[PDB]
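See structure below.
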Amino acid sequence: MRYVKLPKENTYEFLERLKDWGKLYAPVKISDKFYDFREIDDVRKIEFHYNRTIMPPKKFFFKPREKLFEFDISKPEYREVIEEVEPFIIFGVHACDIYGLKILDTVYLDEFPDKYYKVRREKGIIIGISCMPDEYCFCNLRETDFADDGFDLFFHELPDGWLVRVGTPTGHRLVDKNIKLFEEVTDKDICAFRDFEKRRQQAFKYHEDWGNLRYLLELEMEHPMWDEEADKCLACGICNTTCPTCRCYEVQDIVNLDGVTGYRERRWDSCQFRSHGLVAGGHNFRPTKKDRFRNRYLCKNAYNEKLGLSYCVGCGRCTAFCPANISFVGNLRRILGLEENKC
Amino acid sequence: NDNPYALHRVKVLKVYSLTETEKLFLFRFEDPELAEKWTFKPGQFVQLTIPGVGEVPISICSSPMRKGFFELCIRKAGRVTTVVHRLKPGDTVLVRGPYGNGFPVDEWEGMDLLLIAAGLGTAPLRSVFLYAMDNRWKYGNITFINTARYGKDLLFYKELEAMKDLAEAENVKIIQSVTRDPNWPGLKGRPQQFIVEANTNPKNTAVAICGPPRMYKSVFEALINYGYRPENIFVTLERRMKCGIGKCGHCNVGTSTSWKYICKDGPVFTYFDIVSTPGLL
Amino acid sequence: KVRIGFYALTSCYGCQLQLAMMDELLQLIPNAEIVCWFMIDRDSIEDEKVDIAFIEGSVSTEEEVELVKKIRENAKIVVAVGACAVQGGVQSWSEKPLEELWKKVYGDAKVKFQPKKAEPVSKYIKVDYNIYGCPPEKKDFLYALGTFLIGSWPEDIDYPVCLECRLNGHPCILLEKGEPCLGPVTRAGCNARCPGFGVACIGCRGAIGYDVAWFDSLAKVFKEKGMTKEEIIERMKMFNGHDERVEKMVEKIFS
Amino acid sequence: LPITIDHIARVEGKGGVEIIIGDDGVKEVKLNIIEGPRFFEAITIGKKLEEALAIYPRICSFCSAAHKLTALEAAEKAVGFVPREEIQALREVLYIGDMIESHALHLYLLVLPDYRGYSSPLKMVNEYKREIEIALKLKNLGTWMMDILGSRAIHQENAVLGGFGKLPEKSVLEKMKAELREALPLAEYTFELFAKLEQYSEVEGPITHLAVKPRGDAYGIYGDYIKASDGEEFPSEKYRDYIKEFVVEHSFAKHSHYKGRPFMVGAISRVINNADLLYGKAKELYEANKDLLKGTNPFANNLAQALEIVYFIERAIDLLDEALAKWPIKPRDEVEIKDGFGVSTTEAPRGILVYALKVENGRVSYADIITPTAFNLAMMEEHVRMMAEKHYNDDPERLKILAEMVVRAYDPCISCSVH
Ligand SMILES: Cc1cc2nc3c(=O)[nH]c(=O)nc-3n(C[C@H](O)[C@H](O)[C@H](O)COP(=O)(O)OP(=O)(O)OC[C@H]3O[C@@H](n4cnc5c(N)ncnc54)[C@H](O)[C@@H]3O)c2cc1C
Ligand code: NFU
Ligand code: SF4
Ligand code: SF4
Ligand code: SF4
Ligand code: SF4
Ligand code: SF4
Ligand code: SF4
Ligand code: SF4
Ligand code: FES
């Protein structure tokens, strides 16, 4: 891959020339300390250094509220409502978010390729940015700190600019078209990039191995910690609706006033809601609140053999955005015994 | 074309009122191109879609050799099922393709089969029984045990009792027993009480079980106590499904060590899979 | 054509007006016939047998009691619309006796008719399906009316307002400023109007049924922000006033 | 046997008027309101200010934004805080939009089909397509303004003390200006349609008109000093000294009197009182139609409502143009809830709405609500008696429908009368 140096006086110029290609989605301020991917109109409002987004970048490919079909009851037919989408450039995707998008690609493009997801994944440019760990981020524990594939551009921050790793095609096209604004890297910036990476690795709050969580979690399925934390839990589904790797959704039918026209709607549904695991006769396969809580923990602590990564990418959205401040990493380390160590 | 959620049109040919709380339906796709090529493995389910109501899964209970036709035994226990029950022959319904892996009938050839059905789960076992009967040459003596709990709820009781003489002629022991009907003039006892009288040789027997998982432990203990091979036991379990293509996330089973999904890792499972991950039952 | 009647109890007529503010009501006329909508129709028959009865308003009169009993006798499927008809609404917020309120408001004056303490419709007659909200969302009206016209029935919702708050992308009030937002315990369908506009939810659609309304954890997180037990109890029961579960759930966490 | 209406249609409440007759014609008129008590004056006593203030709009829904605006004015007077001029301009835009919606909905949905001979608005879906379409556009303009500003058309919740939870953008406000510009010709059409309508002369007589002095250089709903036909003027806080309230035994709603005599409030009661401050096309229309807008016929209330709709559309355009200057605008102001007292007698599309609050240590200790429906019901009884005096020997159905006509011309909000 080619390393192209972008001096800081040309970053906004490159973003303006990037807006020529298509719509730009970058993290902007929405509240006092909340970030979200909003569509860019004025480039100066983009916050380059942001902790995390309130919604993961999966909303562009796995839309939060999507109309699958519109139907007519008479002569029963379902018409798929799919619209052509121009190539959009998602600027400011963390490494953890990039791995989450890869995981959702392995979930949604496997065996049966979802058309709605594929049509939006084939026309998107992911630009990765080197994050800085705050008090919640633990992407090193789940091994999502650095990525090799999935990004067409990687903006690695430098003291005197931005180091751009192209990595993939069409990144070459963008860089070659705007090569007037770009420069060439030498050891001067390489040493600074290495020092920044060393500082980033050293700044993580947690540093321990999590090899045997998937095995030990089954031995301690009936821990009193589950009961206590579930009774502390509010069952609002925020930990899943903001999660980047939750594939679950709920399909509902809406029929108009005429009684002959309607549409089918898809939205994200969490485990905490009652009707996620319900069958006929009022039987629920995770009836109690602790049952659904443990189901979420076990499911996020599963193993994806396609790429060897656990479905949790360590973004920290679940622990940060939980109203009850239930620590995911604290609970999971207490499963290991780093907090109690009774046996 | 490439849309995985896409459906196909199918019209109900004949409705058959099976019991008070169940009904049997006959289907054939409107498109001849789909009808002449559609096929399935015994055990695979179909995402039946009523327009404007919802999508529900029903296991196919027909013989796969009969191209262009299949049967769905549906019970009215909720909203979509209540709407389905009102459907008359010569009406339209959207049906999605087969999903999941059926019973391993391809690997089964010549060995004796112990098809033990309990409650509602008779439909996949009815399908595998019809498949075995349609190719009776490549199988040994087979025992089909269908059980219920209210006496009248013996699914396909008339069809089995009509074929009872021919089954006994063809080395087939079909047994129907009730669990909570002392007054019913028939066979009383649990399915475990009747699998002890199985004609199948335990050394070369494959077993298929379906129905409520609360009797799964008892039937497993009874089968393993008689020397039946645990490597040839296969069951079917149901969870909530809304997609059938592995993206809904509702049908999640197992633990962190083995987090299976039924639409892709079933619904036909294995004995060591059942005992390996607690919580499947 | 389905025979539809809208019977008005003591209410602000917000539910009927919202049903009138939607332009899709013009398409309901071809597909169904209205027997009792007095605010819209003059020739309405007030005692005709109907199929679906949309009851609006709370029960605060003996005349309303006999009216809702007549409705139950003359209707197949009875639909309670709005918080007033589902859980008593804001008309049942005060726990003081009816005589105390009468002395406070009207003093010693006497009227020919007989008043009554405000109660939900579920206390007198068996309601089948609900359309939650205050006023119910036009989405809910469309959904319930269309599902009834098809021949099926809408399902009870168990997801909180936080679902639409997190889908739409509105910032969380509770995690940011700690205001008393009743999101995690009140059913969705309003598309997070209040947290979208920056005001805390006030239980606009009522508490989640099927015993999946965990008031204890929400009371705990309100207490961690500094609210007193009485303040939290008063913040709840604004629209959930006649719910016997809330007091026990809060006193459990404040035991 | 007395003549009674079981349920009056197209009126914001359930119940009807009772007419008793004898050898001397009609003897007495008894308005029966079987609408149950709601105790909105007492259910918020001792409760927190923010919780109580949000549920006050639930008295009715035709103009609940009027209730929210009046309550916010009372609360900010009790705390003694005055919002910025742009905040007051935005609240005026909200009030104008909701008044547009309420007046247009009344004039078109309720009273218009009765004049053209229709029991329900669904009857005229095809035979009166143009008028009902213009009605839908005006109501939808009001509703969209409510959804933009107050976040909802019915039971508004965006309005908060000190400002708003989240203001819309500049393009949304410019689209609001363009929509008002487009809808002004439809307001002219509405005024012409109601001006070419007849008025019944069987009830004409002397009427006492009540209004308030507008708080500005022109006509406006905001006001402090209540004005009357006889020129009496008193501050907003002195409403109890002049207007007296009492309870009758034939209705759950309260009764009011002025100088020992019933008084009528409404759009006419404000136009014929203080229309000299009017401006715009409505001023020319009023000058042209001053002969029809006499302070004698109660049926001129509909014409006055249409004229005020046009005038307030012009005022909304002017106010939005003024408010576009103060940009960018802070969302809301935050003030500590200090102990105090305050009232608010801001005008309503039906008349003068009186709100009184007394908050102690952040909790509403005392609260009284008086509504324009209770204000004009007293003279509604007099008018129905006068009009039944001319038709007591006629067909019962015809006198019933004429009483319906006069009561809907009074434009009542029954569930506002019972708080
Ligand atoms: C793999 C599989 C095979 C099945 N085979 C048969 C069969 O051969 N015969 C038969 O009569 N029934 C069968 N069922 C059960 C049948 O799918 C349910 O009875 C039906 O989905 C009930 O839907 P409902 O809308 O009426 O219930 P509701 O509770 O009103 O709806 C809940 C929704 O959950 C989903 N769902 C998925 N699985 C189930 C389930 N087991 N129970 C309830 N809801 C479920 C559906 O989308 C359903 O609409 C099978 C289920 C599964 C999972
Ligand atoms: N006051 C008052 Fe009313 Ni019945 C309200 N809201 C006027 O429409
Ligand atoms: S967890 Fe790592 S990759 Fe994710 S946002 Fe934090 S620093 Fe970036
Ligand atoms: S965000 Fe926290 S309180 Fe809400 S469901 Fe998840 S764990 Fe429970
Ligand atoms: S944690 Fe829950 S919502 Fe997320 S993927 Fe697993 S089952 Fe689905
Ligand atoms: S479980 Fe929590 S930390 Fe892991 S991916 Fe989901 S939101 Fe992020
Ligand atoms: S439910 Fe809400 S909108 Fe409907 S009448 Fe009651 S308070 Fe008004
Ligand atoms: S602001 Fe309220 S509704 Fe929105 S997520 Fe937070 S608690 Fe839930
Ligand atoms: S957010 Fe709460 S208060 Fe606001 S409309 Fe929705 S349910 Fe009602
Ligand atoms: S069938 Fe949908 S996720 Fe398994």
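In the structure tokens, the first chain shown is A, the next is B, and so on; residue numbers restart at 1 for each chain, and ligands run from 1 in the order shown.
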I'd like the neighbourhood of residue B:85 as an mmCIF file with N, CA and C atoms, in the first residue's frame, where a residue qualifies if any of its atoms comes within 12 Å (using only C-alpha atoms), though same-chain residues fewer than 3 positions away should be ignored.
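See out.cif below for the written result:
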```
data_model
loop_
_atom_site.group_PDB
_atom_site.id
_atom_site.type_symbol
_atom_site.label_atom_id
_atom_site.label_comp_id
_atom_site.auth_asym_id
_atom_site.auth_seq_id
_atom_site.Cartn_x
_atom_site.Cartn_y
_atom_site.Cartn_z
ATOM 1 N N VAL B 12 -53.969 -22.439 -2.627
ATOM 2 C CA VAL B 12 -54.412 -23.605 -1.877
ATOM 3 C C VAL B 12 -55.322 -24.448 -2.755
ATOM 4 N N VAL B 15 -58.384 -27.916 1.229
ATOM 5 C CA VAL B 15 -58.269 -27.812 2.677
ATOM 6 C C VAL B 15 -58.808 -29.094 3.290
ATOM 7 N N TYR B 16 -58.129 -29.591 4.318
ATOM 8 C CA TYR B 16 -58.541 -30.808 5.008
ATOM 9 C C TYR B 16 -58.540 -30.521 6.501
ATOM 10 N N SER B 17 -59.723 -30.513 7.103
ATOM 11 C CA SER B 17 -59.849 -30.269 8.536
ATOM 12 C C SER B 17 -59.325 -31.490 9.278
ATOM 13 N N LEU B 18 -58.087 -31.402 9.762
ATOM 14 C CA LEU B 18 -57.463 -32.544 10.419
ATOM 15 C C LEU B 18 -58.103 -32.812 11.776
ATOM 16 N N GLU B 20 -59.672 -30.554 15.643
ATOM 17 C CA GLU B 20 -60.341 -29.338 16.093
ATOM 18 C C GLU B 20 -59.401 -28.141 16.059
ATOM 19 N N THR B 21 -58.148 -28.330 16.475
ATOM 20 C CA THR B 21 -57.193 -27.237 16.579
ATOM 21 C C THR B 21 -56.093 -27.282 15.528
ATOM 22 N N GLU B 22 -56.162 -28.199 14.566
ATOM 23 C CA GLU B 22 -55.209 -28.248 13.468
ATOM 24 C C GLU B 22 -55.960 -28.396 12.155
ATOM 25 N N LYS B 23 -55.323 -27.947 11.075
ATOM 26 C CA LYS B 23 -55.911 -28.052 9.748
ATOM 27 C C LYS B 23 -54.807 -28.313 8.737
ATOM 28 N N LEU B 24 -55.114 -29.140 7.739
ATOM 29 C CA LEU B 24 -54.169 -29.531 6.703
ATOM 30 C C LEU B 24 -54.531 -28.853 5.388
ATOM 31 N N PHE B 25 -53.513 -28.389 4.669
ATOM 32 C CA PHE B 25 -53.703 -27.627 3.445
ATOM 33 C C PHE B 25 -52.837 -28.206 2.338
ATOM 34 N N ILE B 50 -48.843 -14.602 4.782
ATOM 35 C CA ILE B 50 -50.151 -14.027 4.466
ATOM 36 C C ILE B 50 -49.958 -12.554 4.126
ATOM 37 N N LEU B 72 -49.056 -28.483 4.433
ATOM 38 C CA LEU B 72 -48.667 -27.746 5.630
ATOM 39 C C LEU B 72 -49.744 -27.940 6.687
ATOM 40 N N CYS B 73 -49.399 -28.633 7.768
ATOM 41 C CA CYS B 73 -50.309 -28.826 8.891
ATOM 42 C C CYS B 73 -50.130 -27.655 9.849
ATOM 43 N N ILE B 74 -51.142 -26.797 9.933
ATOM 44 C CA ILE B 74 -51.067 -25.559 10.695
ATOM 45 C C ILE B 74 -52.119 -25.594 11.792
ATOM 46 N N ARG B 75 -51.738 -25.149 12.984
ATOM 47 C CA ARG B 75 -52.653 -25.023 14.107
ATOM 48 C C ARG B 75 -52.913 -23.551 14.394
ATOM 49 N N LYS B 76 -54.155 -23.226 14.747
ATOM 50 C CA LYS B 76 -54.536 -21.842 15.025
ATOM 51 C C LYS B 76 -54.234 -21.537 16.488
ATOM 52 N N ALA B 77 -53.094 -20.892 16.723
ATOM 53 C CA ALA B 77 -52.686 -20.512 18.066
ATOM 54 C C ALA B 77 -52.368 -19.032 18.201
ATOM 55 N N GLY B 78 -52.594 -18.236 17.166
ATOM 56 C CA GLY B 78 -52.270 -16.830 17.237
ATOM 57 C C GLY B 78 -52.801 -16.066 16.046
ATOM 58 N N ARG B 79 -52.249 -14.868 15.857
ATOM 59 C CA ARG B 79 -52.786 -13.911 14.892
ATOM 60 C C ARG B 79 -52.655 -14.414 13.457
ATOM 61 N N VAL B 80 -51.421 -14.667 13.017
ATOM 62 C CA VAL B 80 -51.191 -15.109 11.646
ATOM 63 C C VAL B 80 -51.859 -16.454 11.402
ATOM 64 N N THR B 81 -51.798 -17.353 12.386
ATOM 65 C CA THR B 81 -52.439 -18.656 12.238
ATOM 66 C C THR B 81 -53.956 -18.530 12.171
ATOM 67 N N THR B 82 -54.539 -17.615 12.951
ATOM 68 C CA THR B 82 -55.980 -17.393 12.867
ATOM 69 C C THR B 82 -56.372 -16.882 11.490
ATOM 70 N N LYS B 88 -59.543 -20.286 2.275
ATOM 71 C CA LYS B 88 -60.307 -21.236 1.483
ATOM 72 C C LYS B 88 -59.468 -21.773 0.328
ATOM 73 N N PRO B 89 -59.773 -22.974 -0.172
ATOM 74 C CA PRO B 89 -59.095 -23.456 -1.381
ATOM 75 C C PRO B 89 -59.357 -22.519 -2.549
ATOM 76 N N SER C 152 -57.813 -8.910 11.009
ATOM 77 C CA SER C 152 -56.944 -9.317 12.104
ATOM 78 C C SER C 152 -56.919 -8.210 13.159
#
```
Discussion item. Which residues are near ligand 9 in this structure, taking near to mean any atom at most 9 Å from a ligand atom and counting only C-alpha atoms and all ligand atoms? Format them as an MDAnalysis selection string.
Written reply: (chainID C and resid 132:137 160:162 165 181:183 186:197 199:206) or (chainID D and resid 152 157)
Keeping only N, CA and C atoms, write those residues as an mmCIF file, in the first residue's frame.
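Final file, out.cif:
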```
data_model
loop_
_atom_site.group_PDB
_atom_site.id
_atom_site.type_symbol
_atom_site.label_atom_id
_atom_site.label_comp_id
_atom_site.auth_asym_id
_atom_site.auth_seq_id
_atom_site.Cartn_x
_atom_site.Cartn_y
_atom_site.Cartn_z
ATOM 1 N N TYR C 132 -52.528 3.313 22.104
ATOM 2 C CA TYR C 132 -51.894 4.109 23.140
ATOM 3 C C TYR C 132 -51.522 5.492 22.618
ATOM 4 N N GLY C 133 -51.283 6.404 23.551
ATOM 5 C CA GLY C 133 -50.905 7.766 23.234
ATOM 6 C C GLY C 133 -51.805 8.775 23.917
ATOM 7 N N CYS C 134 -51.386 10.033 23.822
ATOM 8 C CA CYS C 134 -52.155 11.140 24.373
ATOM 9 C C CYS C 134 -51.792 12.438 23.658
ATOM 10 N N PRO C 135 -52.321 12.686 22.453
ATOM 11 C CA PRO C 135 -53.219 11.844 21.649
ATOM 12 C C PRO C 135 -52.501 10.676 21.000
ATOM 13 N N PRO C 136 -53.228 9.615 20.659
ATOM 14 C CA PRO C 136 -52.603 8.500 19.942
ATOM 15 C C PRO C 136 -52.022 8.968 18.618
ATOM 16 N N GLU C 137 -50.860 8.422 18.280
ATOM 17 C CA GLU C 137 -50.175 8.813 17.059
ATOM 18 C C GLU C 137 -50.995 8.409 15.839
ATOM 19 N N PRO C 160 -39.980 0.239 24.674
ATOM 20 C CA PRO C 160 -40.017 1.598 25.218
ATOM 21 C C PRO C 160 -39.796 2.649 24.140
ATOM 22 N N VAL C 161 -40.029 3.906 24.534
ATOM 23 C CA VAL C 161 -39.758 5.052 23.670
ATOM 24 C C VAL C 161 -38.276 5.146 23.335
ATOM 25 N N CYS C 162 -37.415 4.585 24.189
ATOM 26 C CA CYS C 162 -35.983 4.581 23.915
ATOM 27 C C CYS C 162 -35.659 3.880 22.606
ATOM 28 N N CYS C 165 -36.083 6.532 20.168
ATOM 29 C CA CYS C 165 -35.099 7.557 20.498
ATOM 30 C C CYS C 165 -33.712 7.169 20.002
ATOM 31 N N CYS C 181 -36.877 11.555 32.427
ATOM 32 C CA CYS C 181 -37.487 11.052 31.203
ATOM 33 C C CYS C 181 -37.990 9.635 31.450
ATOM 34 N N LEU C 182 -39.285 9.415 31.227
ATOM 35 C CA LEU C 182 -39.912 8.120 31.455
ATOM 36 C C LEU C 182 -39.819 7.202 30.245
ATOM 37 N N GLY C 183 -38.836 7.419 29.380
ATOM 38 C CA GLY C 183 -38.656 6.632 28.183
ATOM 39 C C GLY C 183 -38.593 5.126 28.373
ATOM 40 N N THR C 186 -42.199 3.419 28.976
ATOM 41 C CA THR C 186 -43.408 3.816 28.270
ATOM 42 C C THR C 186 -43.348 3.346 26.826
ATOM 43 N N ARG C 187 -44.471 2.829 26.335
ATOM 44 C CA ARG C 187 -44.504 2.182 25.031
ATOM 45 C C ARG C 187 -44.198 3.173 23.916
ATOM 46 N N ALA C 188 -43.620 2.657 22.835
ATOM 47 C CA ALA C 188 -43.215 3.478 21.703
ATOM 48 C C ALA C 188 -44.423 3.766 20.815
ATOM 49 N N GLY C 189 -44.169 4.289 19.618
ATOM 50 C CA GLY C 189 -45.206 4.659 18.679
ATOM 51 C C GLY C 189 -45.306 6.146 18.419
ATOM 52 N N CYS C 190 -44.719 6.972 19.279
ATOM 53 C CA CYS C 190 -44.692 8.412 19.081
ATOM 54 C C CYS C 190 -43.419 8.888 18.393
ATOM 55 N N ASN C 191 -42.526 7.965 18.022
ATOM 56 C CA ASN C 191 -41.280 8.278 17.315
ATOM 57 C C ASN C 191 -40.415 9.270 18.091
ATOM 58 N N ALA C 192 -40.428 9.148 19.420
ATOM 59 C CA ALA C 192 -39.565 9.919 20.319
ATOM 60 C C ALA C 192 -39.724 11.424 20.097
ATOM 61 N N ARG C 193 -40.970 11.878 20.201
ATOM 62 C CA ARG C 193 -41.267 13.292 20.001
ATOM 63 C C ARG C 193 -40.625 14.151 21.085
ATOM 64 N N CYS C 194 -40.809 13.770 22.351
ATOM 65 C CA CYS C 194 -40.292 14.600 23.437
ATOM 66 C C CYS C 194 -38.768 14.573 23.528
ATOM 67 N N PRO C 195 -38.088 13.420 23.598
ATOM 68 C CA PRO C 195 -36.617 13.461 23.565
ATOM 69 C C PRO C 195 -36.067 13.984 22.254
ATOM 70 N N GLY C 196 -36.833 13.886 21.167
ATOM 71 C CA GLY C 196 -36.416 14.508 19.925
ATOM 72 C C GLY C 196 -36.408 16.020 20.013
ATOM 73 N N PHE C 197 -37.394 16.592 20.696
ATOM 74 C CA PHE C 197 -37.465 18.032 20.869
ATOM 75 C C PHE C 197 -36.813 18.509 22.162
ATOM 76 N N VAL C 199 -37.247 17.659 25.436
ATOM 77 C CA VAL C 199 -37.987 17.652 26.691
ATOM 78 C C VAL C 199 -38.125 16.211 27.161
ATOM 79 N N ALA C 200 -38.054 16.012 28.473
ATOM 80 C CA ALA C 200 -38.136 14.667 29.024
ATOM 81 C C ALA C 200 -39.526 14.080 28.811
ATOM 82 N N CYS C 201 -39.575 12.772 28.569
ATOM 83 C CA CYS C 201 -40.850 12.083 28.417
ATOM 84 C C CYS C 201 -41.613 12.087 29.736
ATOM 85 N N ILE C 202 -42.934 12.224 29.648
ATOM 86 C CA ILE C 202 -43.763 12.351 30.841
ATOM 87 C C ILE C 202 -44.762 11.204 30.910
ATOM 88 N N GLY C 203 -44.379 10.043 30.394
ATOM 89 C CA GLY C 203 -45.289 8.912 30.379
ATOM 90 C C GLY C 203 -46.486 9.111 29.478
ATOM 91 N N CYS C 204 -46.262 9.628 28.268
ATOM 92 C CA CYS C 204 -47.353 10.026 27.386
ATOM 93 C C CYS C 204 -48.211 8.853 26.930
ATOM 94 N N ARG C 205 -47.668 7.636 26.908
ATOM 95 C CA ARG C 205 -48.385 6.489 26.363
ATOM 96 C C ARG C 205 -48.612 5.380 27.382
ATOM 97 N N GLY C 206 -48.255 5.591 28.643
ATOM 98 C CA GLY C 206 -48.522 4.621 29.681
ATOM 99 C C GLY C 206 -47.416 3.595 29.843
ATOM 100 N N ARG D 152 -46.231 19.239 18.167
ATOM 101 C CA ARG D 152 -47.416 18.415 17.995
ATOM 102 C C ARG D 152 -48.624 19.328 17.876
ATOM 103 N N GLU D 157 -46.243 19.893 23.681
ATOM 104 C CA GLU D 157 -45.275 19.664 24.745
ATOM 105 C C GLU D 157 -43.911 20.298 24.507
#
```
Report the closest atom pair, with its distance in Å rounded to one decimal, for each residue of chain C that has an atom no farther than 12 Å from ligand 1; count only C-alpha atoms and all ligand atoms, sort by chain and then rising residue number, and write it as a tab-separated table.
```
residue	atom	partner	partner_atom_place_in_ligand_line	distance
C:152	CA	ligand 1	30 (O)	10.7
C:153	CA	ligand 1	30 (O)	10.0
C:154	CA	ligand 1	30 (O)	9.9
C:155	CA	ligand 1	30 (O)	8.0
C:156	CA	ligand 1	30 (O)	10.4
```
Worksheet entry | Secondary structure check, helix (DSSP H, G or I) residues of stretch 80-137 of chain D, as a PyMOL selection string | chain D and resi 85-115+123-125+129-137
Determine which residues of stretch 51-97 of chain B receive a DSSP assignment of strand (DSSP E), computed from the backbone, and state them as a short mmCIF file (atom, residue, chain, number, x, y, z; two decimals) with C-alpha atoms, in the first residue's frame.
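Output file states_8.cif follows:
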```
data_model
loop_
_atom_site.label_atom_id
_atom_site.label_comp_id
_atom_site.auth_asym_id
_atom_site.auth_seq_id
_atom_site.Cartn_x
_atom_site.Cartn_y
_atom_site.Cartn_z
CA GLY B 54 -46.97 -11.64 8.70
CA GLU B 55 -44.64 -14.53 7.99
CA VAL B 56 -44.70 -17.82 9.90
CA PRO B 57 -42.67 -21.04 9.45
CA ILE B 58 -44.40 -24.37 8.86
CA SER B 59 -42.49 -27.60 8.27
CA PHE B 70 -46.71 -29.86 -0.64
CA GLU B 71 -48.80 -29.96 2.53
CA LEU B 72 -48.67 -27.75 5.63
CA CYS B 73 -50.31 -28.83 8.89
CA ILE B 74 -51.07 -25.56 10.69
CA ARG B 75 -52.65 -25.02 14.11
CA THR B 92 -53.42 -16.73 -2.75
CA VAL B 93 -50.51 -16.90 -0.31
CA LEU B 94 -46.84 -15.96 -0.63
CA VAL B 95 -44.42 -18.79 0.17
CA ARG B 96 -40.65 -18.57 0.48
CA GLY B 97 -38.27 -21.33 -0.53
#
```
Item to complete: List the neighbours of residue C:129 out to 12 Å using only C-alpha atoms; skip same-chain residues closer than 2 positions along the sequence, and give me the result as a ChimeraX atom specification.
Response: /C:52-55,76-82,85-86,121-122,126-127,131-132,140,144-145,147-148,152-157
Worksheet item: Could you state the separation of atom CA of residue A:208 and atom 2 (Fe, counted along the ligand's line) of ligand 4 in Å, given to one decimal place?
Response: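 It comes out at 24.1 Å.
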